[PDB]
Amino acid sequence: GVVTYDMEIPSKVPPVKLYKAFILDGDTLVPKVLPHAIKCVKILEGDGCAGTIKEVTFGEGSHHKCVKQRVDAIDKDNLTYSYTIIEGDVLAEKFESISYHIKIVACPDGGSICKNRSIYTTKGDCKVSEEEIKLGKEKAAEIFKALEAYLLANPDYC
C-alpha cells in the first residue's frame, strides 16, 4: 500500500534560481529562514550524490521531533529533485516512506512553477486523514514560502 499527494505551486523566483537556492541549498537555506519548522539540517552521509543522507530537526519542542532523509536524485536536466524520508518520528504508525518528486519549470513573470509531488509508501496499509495530509502540505508550503520570502528580495542565492 502507498499514500501519494502533491503541492504544485507557482513561485516568484526563476527556475535556475529555485535550483540553486531551493534544491542545491535545501541543506543550509531551508533551515536558516524558518527554524520553527526546519530547526536544523545536517548531512549524515554523502555530498548530494544519489544515496546521500540528511537528518532534520523540525522545531525542537512538543510540536515535532526528527527525520532522516535520503537524497535519491538531484537532476539538473529536468529540473528535478527526489528525496525520501527514510526514518524518524514523522513516518510513525502510518507511513513508511515519504519520497518527494519535485519538478521545476519556467514562467515569464520572472519566476517558476514548482511541482512538489510526494509518495508516502505505507506500513500495513494504514489509513490517513486528508486534514493531516493538508497539515503536511501546509507545513511544506510554509517552509517553501519562507525561502520564497527571501528569494523575492534576493533571488540570486550564492
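Once both axes come from the Cα atoms, what is the angle between helix 130-151 and the longest principal axis of the chain, in degrees from 0 to 90, rounded to 10?
Taking Cα atoms only, the helix is inclined about 30 degrees.
Given H placed on each backbone N at 1.01 Å, which residues far from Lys123 in sequence or on other chains put an amide H within less than 5 Å of it?
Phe95, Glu96
Do any of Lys20/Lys94; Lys17/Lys123; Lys42/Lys115; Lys54/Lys137; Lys123/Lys145; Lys20/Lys127 go past 27 Å between their Cα atoms, and which? The partial results should precede the final answer.
On the way: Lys20/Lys94 33 Å; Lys17/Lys123 37 Å; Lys42/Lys115 25 Å; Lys54/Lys137 20 Å; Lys123/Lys145 31 Å; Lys20/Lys127 36 Å.
The pairs that break the limit, which is 27 Å between Cα atoms, are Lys20/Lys94; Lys17/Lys123; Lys123/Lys145; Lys20/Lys127.
Please report how far the C-alpha centroid of the stretch 139-155 lies from that of the stretch 41-99, rounded to the nearest whole angstrom.
A separation of 19 Å, based on Cα centres.
Could you give the length gained on full extension between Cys126 and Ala149, defined as 0.36 nm per residue of separation minus the Cα-Cα distance, in nm?
On the way: separation 23, 0.36 × 23 = 8.28 nm, distance 3.61 nm.
In short, 4.7 nm is gained.
Would you mind ranking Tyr83, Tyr5 so that the residue whose beta carbon has the fewest other beta carbons within 10 Å leads the list?
Exposure proxy ranking, most exposed first: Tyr5, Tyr83.
Please give the calculated 222 nm ellipticity per residue for the chain, where each DSSP H segment of at least 4 residues contributes -39500 (n - 2.57) and the sum is spread over every residue; nearest 500 deg cm²/dmol?
-5500 deg cm²/dmol
Between rounded, prolate and oblate, where does the stretch 1-91 land on the alpha carbon gyration tensor, with a ≥ b ≥ c its root eigenvalues, rounded for a/c under 1.5, else prolate if a/b exceeds b/c?
Note, shape of the stretch 1-91 comes out rounded.
Please list, or write none, the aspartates and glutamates whose alpha carbon is within less than 14 Å of the alpha carbon of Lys32, excluding same-chain residues fewer than 8 places away.
Of all the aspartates and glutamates, those that pass the test against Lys32 - Cα under 14 Å, at least 8 places apart if same chain - are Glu142, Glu148.
Counting other C-beta atoms within 10 Å, and keeping those with at most 14, which DSSP coil GluC sites (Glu not before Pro) do you find in the stretch 66-158?
Hits after loop and neighbour filter: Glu93.
Mean projection of the alpha-carbon convex hull of the chain over all orientations, in nm²?
9.1 nm²
Figure the gain on full extension for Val2 and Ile133 (residue separation times 0.36 nm, minus the Cα-Cα span) and round it to one decimal in nm.
Answer, rounded to one decimal: 45.8 nm.
Got a sec? How would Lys134, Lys39 order by Cβ neighbour count within 10 Å, fewest to most?
With the fewest neighbours first, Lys134, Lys39 line up as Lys134, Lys39.
Quick note: the coordinates plus some simple rules give every number you see, no bench work behind them. Here Cβ is always computed from backbone atoms with ideal geometry, including for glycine, and neighbour counts include all displayed protein chains.
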